[PDB]
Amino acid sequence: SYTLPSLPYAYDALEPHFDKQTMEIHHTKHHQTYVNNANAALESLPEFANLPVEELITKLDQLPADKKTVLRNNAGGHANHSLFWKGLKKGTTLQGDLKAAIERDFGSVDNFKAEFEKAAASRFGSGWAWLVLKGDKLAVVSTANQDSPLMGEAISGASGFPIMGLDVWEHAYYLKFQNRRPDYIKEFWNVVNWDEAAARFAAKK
């Protein structure tokens, strides 16, 4: 069965950038609910119930048609938030191979940040902004709702291995930022965990 993962830090660990009230609600209510809904949907499907969630979401086309959507949404949500929590940490520095890759692919760190900010800002409605690796190269893309690039292009409109991502559902920012998503996106730069992104970049799948 899926379970809500413990966070790697306290709910106030990302202050003063992401707010503690949101962190706590986002984890204990939003994320918990994706877990609960996915488990409920997987009760009747013992062949799928047991796989890591990162695997289940690559196999959505194999599910019964009447289970496709509920698991796309909820196993997607469980996958994405699990990555998100581990992908946030204060005090990290972009450096090494990842940094060199960003500069190579976007020309500069500032162009990369610009391109991610725009992708994050223009995702209309609920969704995610991602840094993804595919074919030796970095790119920035966004997905709808809880879709992940790991689900493939047919389903998500995106593809590749996520290196890092930012939740742009309004629940992730409305308490402190209201409508000002670009402010929330700039604050992300203060808390994106570059050590974990590097580790994913080395691993590459």
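Start at 1 with the first residue shown and count on from there.
- Of the two segments, 129-137 and 73-81, the one listed with the higher mean B-factor is 129-137 (C-alpha atoms only).
- When the mean C-alpha temperature factors of 41-49 and 145-153 are read from the deposited coordinates, 41-49 comes out higher.
- If you compare the C-alpha temperature factors of 65, 163, 168, 57 in the entry, 65 comes out highest.
- When the modelled residues of the chain are ordered by C-alpha B-factor, residue 124 sits in the lowest third.
- Split the chain's modelled residues into thirds by C-alpha temperature factor. Residue 185 is in the lowest one.
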